[PDB]
Amino acid sequence: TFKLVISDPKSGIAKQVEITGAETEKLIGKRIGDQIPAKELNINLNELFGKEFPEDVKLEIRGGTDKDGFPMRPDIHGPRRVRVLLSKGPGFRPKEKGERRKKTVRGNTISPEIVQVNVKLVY
Amino acid sequence: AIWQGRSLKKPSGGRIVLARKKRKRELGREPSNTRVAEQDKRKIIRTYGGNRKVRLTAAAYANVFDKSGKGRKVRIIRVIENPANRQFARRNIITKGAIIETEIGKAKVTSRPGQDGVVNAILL
Amino acid sequence: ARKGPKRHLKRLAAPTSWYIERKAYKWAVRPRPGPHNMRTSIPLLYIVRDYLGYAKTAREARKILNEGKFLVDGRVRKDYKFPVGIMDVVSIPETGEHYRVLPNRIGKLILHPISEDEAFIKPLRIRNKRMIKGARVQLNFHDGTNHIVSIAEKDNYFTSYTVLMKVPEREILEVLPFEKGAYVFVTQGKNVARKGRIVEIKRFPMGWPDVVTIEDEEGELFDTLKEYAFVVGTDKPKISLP
Amino acid sequence: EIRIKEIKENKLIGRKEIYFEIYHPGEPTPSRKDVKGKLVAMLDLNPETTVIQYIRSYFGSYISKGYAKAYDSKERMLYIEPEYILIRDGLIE
Amino acid sequence: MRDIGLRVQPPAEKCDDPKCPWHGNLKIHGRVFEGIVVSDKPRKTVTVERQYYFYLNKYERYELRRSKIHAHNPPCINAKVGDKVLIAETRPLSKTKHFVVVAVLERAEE
RNA sequence: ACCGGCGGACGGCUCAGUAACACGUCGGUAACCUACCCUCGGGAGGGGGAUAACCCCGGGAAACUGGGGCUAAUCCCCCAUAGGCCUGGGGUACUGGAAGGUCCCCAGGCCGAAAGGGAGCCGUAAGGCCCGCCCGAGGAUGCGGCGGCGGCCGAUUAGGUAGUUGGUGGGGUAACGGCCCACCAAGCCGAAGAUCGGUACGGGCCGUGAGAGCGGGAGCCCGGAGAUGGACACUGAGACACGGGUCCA
């Protein structure tokens, strides 16, 4: 049961939806930056956002957070957890200049353990 | 860590145990082992006191100078002889004082490519 | 152990050239780098607070310096750690009061009051000669300032020569050379705060500086390092020297 | 009875420093307000521009030293002089 | 003949080494000493010895103390054992070498 | 509040080790470094990009963390000139007795600056006063490094040393140096005490004593060194960094 945060760049508005059922199996095994057409995603986006969407609307998967709160990183192949000394990239805020913190983050690939996923709309 | 610290032995062979650790200022750095290539590849390194050291790792051109004093930017074919050590010449590794084969002929390098970043030599 | 530069100085370890109560408090103001050396100068705050007594507390001395009332060789200096060295002229025009810092016989610095006519002349000893690209000669003075001249006039200058230096607008006035008979005032050594005339110049090899033999006004002959001898006049001192 | 030795003018601050001695043989130490009203009379100063810090009476001594300051304008104390000796003198609540 | 500013005649013949104070690159500064050569086995190296007395507070007699110094020996002088030699401080040459011979006052035969 | 200028590398603490060019003193860099400071000469032109705050919708008892909408400077980057560096040839002028270095020209090659700003007065503005930025040249504050001498005990610890010692030619260093590498050679130290072990931060000083002297070095200052034992990077002018970071126990 995933929470999908669908963000529209044109409106700058993002709305959360829930994916359940065999629809979930459609998202298993995908990566970050992956594009997918709207039709099989089965969300009434035109009806949530209240604005017309041509049938050629696609969604790109970019981000999200895990059950505990572990975010996503395109850089790390696979879905597994690997402790990494974080100098730059998602899931890390350096405060003092030159800081490097070792954080544990989820890999790029989408796993069932993910509960929050983020997608961006294109037309 | 490359430590350019105290010799761990006395002149009379006496063992010395270090009373203190390694300070940051006293460590060294990787030898360049500059190779001959079709292009010129360089690295700018931040150093002690915020200075900058340019380090040539791949070399493709050289300043061959005549005894008169004129310089020419001419390419490098291969290395002839390295009196410093015989393994470098086989591996096309260039260092100060090495003999290099170029279009003009034989040249002796009077430069420090690991520190200077450039290759200057005199025709022979 | 220590890892980088420090911003503190205990009152006990203060230089011996200062008139300060050493056991009054724990801490003293660290002199920032400046024109002179550590042994040669003092923070301005100690001049204002102690020598002049205008301000009882350091805070009000800092306030007054921020107001800029005090002129240091014709330049306002609001910093409260500025080092003021030998033969610097401190002028406060509101009182019209002008003093010159000079070494004591004991070797500590003291303020000699001077008239207004002496407040725009500073004598500077030529510490070193160099020359920069464009063939522009440069002279580094004993007080850490630098002046530029052209190549033609280079023979009119030498190291250790004194120059009367119009500091209000940076105008050279006169050049006093380093020759026998010149009137000389001592800056350091056991013969500190003495004035006499040069007699002999003892050149010394092996890195050892030259020794100059100075005869006092009464004819007493002593010796002193060349660096410590400051020429102040051709035959008679051009400045009021205790 | 109060008699002066030191009357010194600091024109960078435009303020007068008064070092004075109080004769109090056999009687308790005078208070701040009494000497404050005493000096101002024969020195002819503005009471509000005038402030006292310390009055030290030594052991076994009937003559006590004291120091007062005399400013000119109402902002000089607010800027330069610290905030205690207005409150101790009542100049600030 | 390039001056070093020490009162001694330079060695006659010149050498091409970059370490001869008269005929090289390195310069002379610092302390000077006089000693005797006792060992010169390794290449262009000398081990000069200097003898002196040391006083002690408790017994007020003297105690001989010796100082061995490793100075560089350029070819222009070619020091040997039994020779009295003038030595000068130099830049760090090697792990132990920090001095150089600048004069030979008496040969071994003397 | 985010970038951003600085400080957090000093100041606080202890005496476990460390017999050491650790330290005391004297020379000592000609073989080095230097943010914040001062003086002199010059520059500060043109162009592009940038994401916090905020809006919304999200994960988790957590720690802590995602996306999209939008934005700046003295944030970043690009172009130009100077400037920095190296090499060859030539010719001088300066520092210093010395050396080389610094300088002028030619040649080749590489690298290769900036920032304007709140307010106020006048000025239509411009421009002046205040503060701020960069290049060259120093000085200065500190720092690194080399050497001579001084500074405990054991002979029921007598030979010790293999990169060891020196040379040639190279590397890395801010910098010279076997510090490191290839070759060349057998050197180096020791009975005046090597090596090994015991013991121990050095000094100004302190206790006692008529003093010769004996003993001690915690309490205040200087120097040396260490964050539980150990090991390691990044960022910064400055660290392997007590209230920054990573790994084993």
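One table, with the values for the structure above:
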quantity: Percent RCO, i.e. relative contact order, over chain D, from Cα pairs under 8 Å lying at least 6 residues apart; calculated: 28 percent
quantity: Unsatisfied cross-links (Cα-Cα over 27 Å) in the set C:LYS129/C:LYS180; B:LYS96/C:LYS3; C:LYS10/D:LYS8; calculated: B:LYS96/C:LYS3; C:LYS10/D:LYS8
quantity: Whole-Hz ³J(HN,Hα) from phi, Karplus 6.51 cos²θ - 1.76 cosθ + 1.60, for segment B:5-21, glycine and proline x; calculated: x, 5, 4, 7, 10, 6, x, 8, x, x, 5, 10, 9, 6, 7, 8, 7
quantity: Cβ-placed point charges (K, R +1; D, E -1), dipole of the protein assembly as shown about Cα centre in debye, nearest 20; calculated: 3800 debye
quantity: Between segment C:83-160 and segment D:1-67, the alpha-carbon center distance in angstrom; calculated: 46 Å
quantity: Using alpha-carbon coordinates, inclination of helix C:58-67 to the longest axis of chain C, degrees; calculated: 60 degrees
quantity: ³J(HN,Hα) computed for each position of segment E:14-26 - Karplus, 6.51 cos²θ - 1.76 cosθ + 1.60, integer Hz, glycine/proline x; calculated: 8, 10, 8, 5, x, 10, 8, x, 7, 9, x, 10, 6
quantity: For chain B, with +1 on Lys and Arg beta carbons and -1 on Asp and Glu, the positive-most of B:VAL74, B:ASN51, B:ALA121 along the dipole; calculated: B:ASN51
quantity: Global form of segment E:1-87, assessed from the alpha-carbon gyration tensor, a/c cut-off 1.5; calculated: prolate
quantity: Check: chain B dipole with +1 on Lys, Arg Cβ and -1 on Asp, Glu Cβ, in debye; calculated: 940 debye
quantity: Inter-chain shielding of E:28-41 (mean C-beta neighbours from other protein chains, 10 Å cut-off); calculated: 1
quantity: For chain B: relative contact order, % (alpha-carbon pairs under 8 angstrom, 6 or more apart); calculated: 21 percent
quantity: When each of C:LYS81/C:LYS122; B:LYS67/B:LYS106; B:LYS73/B:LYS106; A:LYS15/A:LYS67; A:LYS58/A:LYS88; E:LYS44/E:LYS84 is checked by Cα-Cα distance, pairs over 25 Å; calculated: A:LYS58/A:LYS88
quantity: Within chain E: Cβ-based charge dipole about Cα centre, in debye rounded to nearest 20 (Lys, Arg +1; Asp, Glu -1); calculated: 480 debye
quantity: Dipole of the protein assembly as shown, positive end: most advanced residue of C:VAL186, D:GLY37, C:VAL211 [Cβ charges, Cα centre]; calculated: C:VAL211
quantity: Entries of D:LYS11/D:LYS36; C:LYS23/C:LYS108; C:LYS78/D:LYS11 with Cα pairs more than 20 Å apart; calculated: D:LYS11/D:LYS36
quantity: Choice from C:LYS56, C:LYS129, C:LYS23 with maximal GNM fluctuation in chain C (Cα, 10 Å cutoff); calculated: C:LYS23
quantity: Neighbour cut-off at most 13 other Cβ (10 Å), DSSP loop, GluC sites (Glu not before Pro), segment A:33-62; calculated: A:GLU52, A:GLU55
quantity: Pairwise centroid distance, computed over Cα atoms, of segment E:40-78 with segment C:1-54, Å; calculated: 45 Å
quantity: Exposure proxy ranking, count of Cβ atoms within 10 Å, fewest first, for C:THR95, C:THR145, B:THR95; calculated: C:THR95, C:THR145, B:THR95
quantity: Residues E:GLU49, C:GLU215, sorted so that the one with the fewest Cβ neighbours within 10 Å comes first; calculated: E:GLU49, C:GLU215
quantity: From phi via Karplus (6.51, -1.76, 1.60), per-residue ³J(HN,Hα) for segment C:166-181 in Hz, x at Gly/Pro; calculated: 5, 5, x, 10, 6, 10, 5, 10, 8, 10, 9, x, 10, 9, 4, x
quantity: Taking chain C and dividing mean pair separation by its residue count, relative contact order in percent (alpha carbons under 8 Å, at least six apart); calculated: 12 percent
quantity: Positive-end residue, the protein assembly as shown charge dipole about Cα centroid, Cβ charges, pick of A:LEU85, C:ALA28, C:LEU45; calculated: A:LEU85
quantity: Prolate/oblate/rounded call for the protein assembly as shown, Cα gyration tensor, a/c under 1.5 rounded; calculated: oblate
quantity: Rounded, prolate or oblate (a/c below 1.5 giving rounded, otherwise prolate when a/b exceeds b/c) for segment A:1-118 by Cα gyration tensor; calculated: prolate
quantity: Residue range of chain D that is longest and free of trypsin sites (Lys or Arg not before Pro) which are both DSSP loop and sparsely packed (at most 13 other C-beta within 10 Å); calculated: D:12-87
quantity: Under 5 Å, built H, 5+ apart or other chain: amide partners of A:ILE114; calculated: none
quantity: CD proxy at 222 nm, helix term only [per DSSP H run n ≥ 4: -39500 (n - 2.57); per residue of chain D; nearest 500]; calculated: -6000 deg cm²/dmol
quantity: For C:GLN138, distant residues with modelled amide H under 5 Å away; calculated: C:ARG130, C:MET131, C:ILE132, C:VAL149
quantity: Under DSSP loop assignment and at most 15 Cβ neighbours within 10 Å, longest GluC sites (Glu not before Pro)-free interval of chain B; calculated: B:39-102
quantity: Exercise: per-residue mean of other protein chain Cβ atoms within 10 Å, E:46-57; calculated: 0
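Note that each Cβ is placed from the backbone with ideal geometry, even for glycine, and that neighbours are counted across all protein chains shown. Each value in this text was obtained by applying a stated rule to the coordinates, not by laboratory testing.
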